[PDB]
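Read the single chain below, which is given as structure tokens and is the form deposited in one PDB entry.
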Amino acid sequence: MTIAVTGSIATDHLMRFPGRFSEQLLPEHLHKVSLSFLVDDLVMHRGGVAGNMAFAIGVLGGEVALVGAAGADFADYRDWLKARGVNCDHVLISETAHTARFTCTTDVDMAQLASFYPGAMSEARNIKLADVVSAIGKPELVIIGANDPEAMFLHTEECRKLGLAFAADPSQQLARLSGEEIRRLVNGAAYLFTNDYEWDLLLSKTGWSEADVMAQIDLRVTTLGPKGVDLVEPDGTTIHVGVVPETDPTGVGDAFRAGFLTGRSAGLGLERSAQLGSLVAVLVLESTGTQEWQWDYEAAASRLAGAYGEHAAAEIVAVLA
């Protein structure tokens, strides 16, 4: 039932370059760069990893508290989440620093070009998850969402000190972190999320075998883009699940992990809960921006059934009923 989404809160300002990035990269002097793109659209959208997720879990119908640091501009955002059932009492409002900001430009192809201002996100090292357990008691899961580095350890350290289930989700910081640090985020993980490119990367940097990784966690999940995802237990069960058929980029990843874990945390099986991830990923990918999408019992039904069976569908919709 109750999962607390520990991670980042941002506003996300996104643009679109209707040409192609390469065609300016190709001739440019890549040591003293002077890059400039003419964009034809600009959106501001509520974002952040821990907030795309909270909203997902909440809209899906489950219990979620948001644990992430933030600024004072954060009243519009807070009331936004609290209105759908997110419990924002545990967000840390900064005294000196604005809510983190994510700026991204995407092109026709669509390569990504981006900056990240952390703002108050760095203070998420000053939060104790105890004071949470106090307020609402000991959650079923603390998700260690991509965040401020030191927070991410502390929030992983503190789960282990309190016997709390966590779900490693280190996507963003694999690139930026060591083998040692990375492994110190993946010990006792009740879950581990990654794409396979990252999971390779992970294996190189950490120096572990796939095996002893699997000793230490209880369930690797690994999303494969247009293929699907591979959920895989230490006992080799390797349930595979394809996608609802796309036909956006940002958010999707966190959106799979939201439906999956809400579908999990309403008693559904690995597979069904994975089928539910795939539905919410694609609800995003078809929505203006990340978190201006609509949950609909009817829609989901008559669509969960196209990609998986009518057997498949009924159950997820039962449990979300």
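One rule holds for the numbers: they count along the sequence shown, beginning at 1.
Per the record, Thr96 and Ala97 are directly connected, as no deposited residue between them is missing from the model. Checked against the record, the higher mean CA B factor of 37-45 and 23-31 lies with 23-31. Between 285-293 and 251-259, the higher mean Cα B-factor belongs to 285-293.
The entry lists C-alpha B-factors for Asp107, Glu150, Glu246, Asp230, and the highest of these is at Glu246.
When the C-alpha B-factors of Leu81, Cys159, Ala168, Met121 are read from the PDB record, the largest value belongs to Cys159.
Ranked within its chain, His311 lands in the highest third, by CA B factor from the PDB record.
Looking at the C-alpha B-factors along this chain, the one for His13 belongs to the lowest third.
Among the modelled residues of the chain, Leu60 sits in the highest third by CA temperature factor in this PDB entry. Annotation for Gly137: CA B-factor lies in the highest third of the chain's modelled residues.
Residue-level temperature factors show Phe193 in the middle third of its chain, judged at the C-alpha atom.
Just so you know, the form deposited with a small molecule bound exists too; it's not on screen, but the next bit is about it.
The closest non-hydrogen atom of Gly228 lies within 4.5 Å of the small molecule in the bound PDB entry. Shown alone here, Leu285 lies within 4.5 Å of the small molecule in the bound PDB entry, counting heavy atoms only. Taking the partner from elsewhere, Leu162 is found to have every heavy atom lying beyond 4.5 Å of the small molecule in the bound PDB entry.
Although the partner is absent here, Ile239 lies well away from the small molecule in the bound PDB entry, with no heavy atom inside 4.5 Å. Shown without its partner, this chain lists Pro234, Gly188, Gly207, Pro249 as candidates; in the bound PDB entry, only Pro249 has a non-hydrogen atom within 4.5 angstroms of the small molecule. A heavy atom within 4.5 Å of the small molecule in the bound PDB entry is found for one listed residue only; from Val243, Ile182, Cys88, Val133, this is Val243. With the small molecule omitted here, the record of contacts in the bound PDB entry names 274-282 of 274-282, 64-72, 292-300, 22-30, defined by a heavy atom within 4.5 Å.
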